[PDB]
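Engineer: give me a model of this one.
(2 chains, ligands or ions: 6)
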There are 2 protein chains.
Amino acid sequence: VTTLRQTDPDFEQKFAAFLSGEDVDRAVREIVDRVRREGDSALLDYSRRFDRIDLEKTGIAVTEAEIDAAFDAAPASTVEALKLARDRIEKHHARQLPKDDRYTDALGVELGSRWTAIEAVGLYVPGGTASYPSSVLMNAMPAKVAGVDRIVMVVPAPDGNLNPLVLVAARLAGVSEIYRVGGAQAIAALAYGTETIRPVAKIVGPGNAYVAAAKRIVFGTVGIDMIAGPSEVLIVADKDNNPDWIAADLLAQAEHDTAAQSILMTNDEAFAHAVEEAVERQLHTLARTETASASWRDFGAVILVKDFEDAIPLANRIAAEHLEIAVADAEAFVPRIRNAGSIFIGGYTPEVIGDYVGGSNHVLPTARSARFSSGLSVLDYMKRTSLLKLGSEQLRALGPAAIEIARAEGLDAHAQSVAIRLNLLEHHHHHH
Amino acid sequence: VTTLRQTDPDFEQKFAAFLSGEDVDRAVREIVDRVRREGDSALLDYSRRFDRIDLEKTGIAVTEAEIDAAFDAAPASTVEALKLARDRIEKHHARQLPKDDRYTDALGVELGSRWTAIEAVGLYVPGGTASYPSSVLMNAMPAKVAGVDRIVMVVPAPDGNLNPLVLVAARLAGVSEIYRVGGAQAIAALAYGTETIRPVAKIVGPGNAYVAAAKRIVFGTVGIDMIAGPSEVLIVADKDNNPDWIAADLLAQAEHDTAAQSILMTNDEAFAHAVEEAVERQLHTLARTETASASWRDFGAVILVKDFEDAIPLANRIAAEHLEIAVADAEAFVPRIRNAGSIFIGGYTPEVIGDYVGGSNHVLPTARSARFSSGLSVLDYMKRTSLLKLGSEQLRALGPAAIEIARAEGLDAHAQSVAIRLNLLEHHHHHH
Ligand SMILES: N[C@@H](Cc1c[nH]cn1)C(=O)Cc1ccc(OCc2ccccc2)cc1
Ligand SMILES: N[C@@H](Cc1c[nH]cn1)C(=O)Cc1ccc(OCc2ccccc2)cc1
Ligand SMILES: [Zn+2]
Ligand SMILES: [Zn+2]
Ligand SMILES: [Zn+2]
Ligand SMILES: [Zn+2]
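Structural biologist: Numbers count the residues shown, from 1 in each chain, chains lettered A, B, ... in the order given. Ligands and ions are numbered 1, 2, ... in the order given. Please find the structure below.
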């Protein structure tokens, strides 16, 4: 598969090219506007059109009765595994809850930082085969931990089919309402609201091209997590690893999407060869290797470096969603590689564990977005409010400076709101 | 001016209406794509076209020499006031720096949360009269405090004119590079990079319709703070306030933009009348009341409630950028009003103080965005990376659950990356 050699005088050009990489807009714009202006009426319309479903009969909201039945149908070990994941995710996220900060500075000004949960959030969950209960837990649990009052999930049911495990996960994660809708129409319903779906304040959850374009439109009206990009895993490993294990980790990622990218960065060419052979073999032992195969062939890559000091700047440019570090003295590289959504350390930490039961959130920054964003955390479901309180002495002390800047900015009304107070106050400060 | 009465049987309908509220897209899409595909060449083109400037002569980058001269021209008291603001903003933001969190749970799994600064950020600063040095400090200081390696500012110079105070503030706030460009073309240059402007990882700073549309396009390629909306102030006050002071606070906000909104929520109609009279009078004592007057007439409003318990849900729906609370026992309402970008407490805390020297950031969530976002903080210039490390015992303990979920999701490659390790490992755990 694609192999880049840092040796190569053309390595940089090739590497930069490797790192690089429509009218749906028009269509989405109309769908979103129509749902906004018309409501439930437009939702059903678009739902029939895209999900071949008749919500007037199935109903838009999933019932607690339908959720109860999903639990029954589920294998006991599946429900228990989901509960273990829910518990581990909750405990870990609880630790990240922000603490308020109220204090008084040297001048006596009272400054404060207070956090509150967003009142209502909507989680978008793709339907059909891409419908994962693990994703429901990852997206919903932080909201529940944060204290979000109302957590809504929208999940389309093409041809009327919903994954029962998604309903099981939803309940476990504290999801309040569930609506059988998706696409740009569901995003529009959550942002603007309809007769059946009261609006929410933020929408999280990756979707297809129609969902992404709709999220771009509504951003500002509601908060949004980020626009989904192609998923990836960067594995930095030396020869002292089991080639079969590394190949398995690369293929796990690859089976997600035909556009998923798996990358091996190593300093041992022979080992790179061993991993490739393992990928080829496993590609045959496993079934349904249609997607994985396509992903590995079209986007897989090996990057050969002389040593791992060289791998550092390259790993930072890749800014992978998931980074597995399997080299000696692995801990020593963690601080050096600043751009990575999640880092998995050692041979016994396949990234897959993080997708499910580690505790950290698997909703991570993709497509180089790790250069500027973090994976989902309770902070994404909360907001900070600044608090400020000045007494007469404080205003007397900081007011002149404020007035000076306001006037230099030509904002006379701004200067006057301070001046009007100081003019009166000053008559008590003629001794200094 | 516009007065709403919660008494009114039609209050809710009127209030909801009061709370509500193009082809630029096509144009911006082309500008952004052209700058992306063509670089510096397109930047100059668009700069001549929109700023009537010839960058081939003035140069794109502002020189340290040009920055030095800006300092000289500035009044000593203006430079000192800006330094006081810079210092107060820095001290306050420093307190908000995140702390990493590495720990070991009961099963022995090592979980970690680590924070790093974004490597490079670009700050967009409008040109001409809307060019505020205070805004430069507010946008740049948190980045400097966060440890951002490269801080770039783009500020257009229509007809070749730049506000010297913007250059003064830039230096004080740790801005590294400054380019004389703006609009969708500057946003495109920062996101995709040109021969002269190396790309950045995140762009912050409100702009006009062209900038906002460009930011919506590049979101995902680079992080963005939020799309600017109309500015506002909500003042909740009882009769025990100086009507002139309250009027001044409303007008300070109003002078910002003809679309700025100032709102008085009170439980005393006579007092509301007194404030209105003060607004009218001050509207004549102050000069350049062209914008303020337009803002107050077109968007000003008084909301009359019976008591402040009633004001709470209304204030939460307004979700104001700035909220001044001037009533008895003010501190008691702070926790009750969860949606507000910044809260100013008491009669001696005009919001204007926060714009300048309080310490908190004046880049705040507007247009009801306080329902889901926070004002700018060091966290906006940093990102969290999750760390996970499992030993053989831990994988043996959590692996089965992972495998179970993976298989229930039909992700056999995912299950195999865990199974391949457990199969080998299990041969050491036949005693339990
Ligand atoms: N390792 C995964 C997490 C995980 C979930 N289940 C197994 N692994 C990850 O962190 C990235 C990721 C997240 C969501 C996701 O969405 C599923 C989807 C696929 C195709 C179309 C629509 C929706 C796709 C990728
Ligand atoms: N109170 C102000 C902060 C402040 C700055 N100087 C005085 N007050 C606030 O927090 C909100 C705000 C921030 C930036 C801003 O941008 C200036 C601008 C105006 C028109 C077109 C383009 C740019 C406009 C409003
Ligand atoms: Zn080297
Ligand atoms: Zn996965
Ligand atoms: Zn009441
Ligand atoms: Zn202001």
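Engineer: distance check, residue A:381 against residue A:347.
Structural biologist: From residue A:381 across to residue A:347, the span is 34 Å (C-beta to C-beta, to the nearest Å). In this view, the C-beta of every residue, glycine as well, is placed from N, C-alpha and C.
Engineer: three-state assignment of residue A:235?
Structural biologist: What DSSP: H, G, I helix; E, B strand; the rest coil gives for residue A:235 is strand.
Engineer: beta partners of the closest residue to it other than its chain neighbours?
Structural biologist: Excluding the flanking residues, the one nearest residue A:235 by C-beta to C-beta, 6 or more residues apart in numbering or on different chains is residue A:324, at 4.5 Å. On the basis of DSSP bridges, residue A:324 is bridged to residue A:235, residue A:344.
Engineer: for residue A:324, what are its contacts?
Structural biologist: Counting by C-beta atoms under 8 Å, 6 or more residues apart in numbering or on different chains, residue A:324 touches A:233-237, A:249, A:343-344, A:349-351.
Engineer: most neighbours, which of the residues you listed?
Structural biologist: residue A:249 (33 neighbours; other C-beta atoms under 10 Å in any protein chain shown).
Engineer: tell me which element it falls in.
Structural biologist: Element membership for residue A:249 (DSSP states H and E) is helix A:243-254.
Engineer: can you name the element that comes right after that helix?
Structural biologist: Per DSSP H and E, the helix or strand that comes after helix A:243-254 is strand A:261-266.
Engineer: tilt between that next one and helix A:243-254?
Structural biologist: With axes from the mean of the first three to the mean of the last three C-alpha atoms, to 10 degrees defining the directions, strand A:261-266 sits at 150 degrees from helix A:243-254.
Engineer: export strand A:261-266 to PDB, keeping only CA atoms.
Structural biologist: This file holds the C-alpha atoms of strand A:261-266, laid out as PDB (Å, rounded to 0.1, in the frame of the first residue of the first chain):
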ATOM      1  CA  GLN A 261      -7.800   6.300   6.900                       C
ATOM      2  CA  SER A 262      -5.400   4.000   8.700                       C
ATOM      3  CA  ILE A 263      -1.700   5.000   8.900                       C
ATOM      4  CA  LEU A 264       1.300   3.200  10.200                       C
ATOM      5  CA  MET A 265       4.400   5.300  11.000                       C
ATOM      6  CA  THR A 266       7.500   3.200  11.800                       C
END
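Engineer: for burial, what's the neighbour tally of the closest residue to ligand 3 within the stretch 1-150 of chain A?
Structural biologist: Per C-beta to the ion, residue A:6 is where the stretch 1-150 of chain A lies closest to ligand 3, at 8.5 Å. By other C-beta under 10 Å, 16 other residues sit near residue A:6.
Engineer: kindly indicate which of the contacts of residue A:324 lies nearest residue B:157.
Structural biologist: residue A:234 (41.9 Å; C-beta to C-beta).
Engineer: contacts only, for the closest one.
Structural biologist: A:263, A:265, A:315, A:318, A:320, A:322-324, A:340.
Engineer: tell me the spacing between the residue nearest to residue A:235 and residue A:262.
Structural biologist: According to C-beta to C-beta, residue A:324 stands 10 Å off from residue A:262.
Engineer: what does chain A have sitting close to ligand 3?
Structural biologist: By the rule C-beta under 5 Å from the ion, the part of chain A lying against ligand 3 is A:306-307, A:309-310.
Engineer: now whichever residue of the stretch 1-150 of chain A sits closest to ligand 5: phi and psi?
Structural biologist: For the stretch 1-150 of chain A, the residue closest to ligand 5 is residue A:119, as judged by C-beta to the ion, at 21.2 Å. Main-chain dihedrals, residue A:119, degrees, to the nearest 10: phi -70, psi -40.
Engineer: and for the residue of the stretch 251-400 of chain A found nearest ligand 2, the neighbour number?
Structural biologist: Nearest residue of the stretch 251-400 of chain A to ligand 2: residue A:386, at 10.8 Å (C-beta to the nearest ligand atom). Applying other C-beta under 10 Å, we find 25 other residues in the vicinity of residue A:386.
Engineer: what does the closest residue to residue A:15 other than its chain neighbours show for phi and psi?
Structural biologist: Nearest residue to residue A:15 in three dimensions, chain neighbours excluded: residue A:4, at 5.8 Å (C-beta to C-beta, 6+ apart). Backbone torsions of residue A:4, given as degrees, to the nearest 10, read phi -110, psi 140.
Engineer: so residue A:4 makes contact with residue A:303?
Structural biologist: Yes: counting by C-beta atoms under 8 Å, residue A:303 is a contact partner of residue A:4 at 4.8 Å.
Engineer: what touches both of those two?
Structural biologist: With C-beta under 8 Å, 6+ apart applied, the overlap between the contact sets of residue A:4 and residue A:303 consists of residue A:15.
Engineer: who has more neighbours, the two?
Structural biologist: residue A:303 (25 against 21).
Engineer: quick one: residues contacting the more buried one.
Structural biologist: Per C-beta under 8 Å, 6+ apart, neighbours of residue A:303: A:3-4, A:6, A:15, A:263-266, A:311, A:314.
Engineer: nearest to residue A:87 among those?
Structural biologist: Nearest to residue A:87 among those, with distances taken as C-beta to C-beta, is residue A:263, at 32.7 Å.
Engineer: can the residues of chain A next to ligand 3 go into JSON lines with extra columns for neighbour count?
Structural biologist: Formatted as JSON lines, the residues of chain A next to ligand 3 follow (neighbours: other C-beta atoms under 10 Å in any protein chain shown):
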{"residue": "A:306", "neighbour count": "11"}
{"residue": "A:307", "neighbour count": "9"}
{"residue": "A:309", "neighbour count": "11"}
{"residue": "A:310", "neighbour count": "15"}
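Engineer: going along the chain, name the helices of the stretch 1-150 of chain A.
Structural biologist: Applying DSSP state H, counting those that start in this stretch to the stretch 1-150 of chain A gives helices spanning A:11-19, A:24-38, A:40-51, A:55-58, A:64-73, A:76-94, A:133-146.
Engineer: any idea which of those is most buried?
Structural biologist: Greatest average neighbour count among the helices of the stretch 1-150 of chain A goes to helix A:133-146 (a mean of 27), per mean count of other C-beta atoms under 10 Å in any protein chain shown.
Engineer: just checking, what packs against it?
Structural biologist: Using 3 or more C-beta pairs under 8 Å, 6 or more residues apart in numbering or on different chains; DSSP states H and E as the contact criterion, the elements in contact with helix A:133-146 are helix A:76-94, strand A:120-124, strand A:150-154, helix A:164-172, helix B:392-408.
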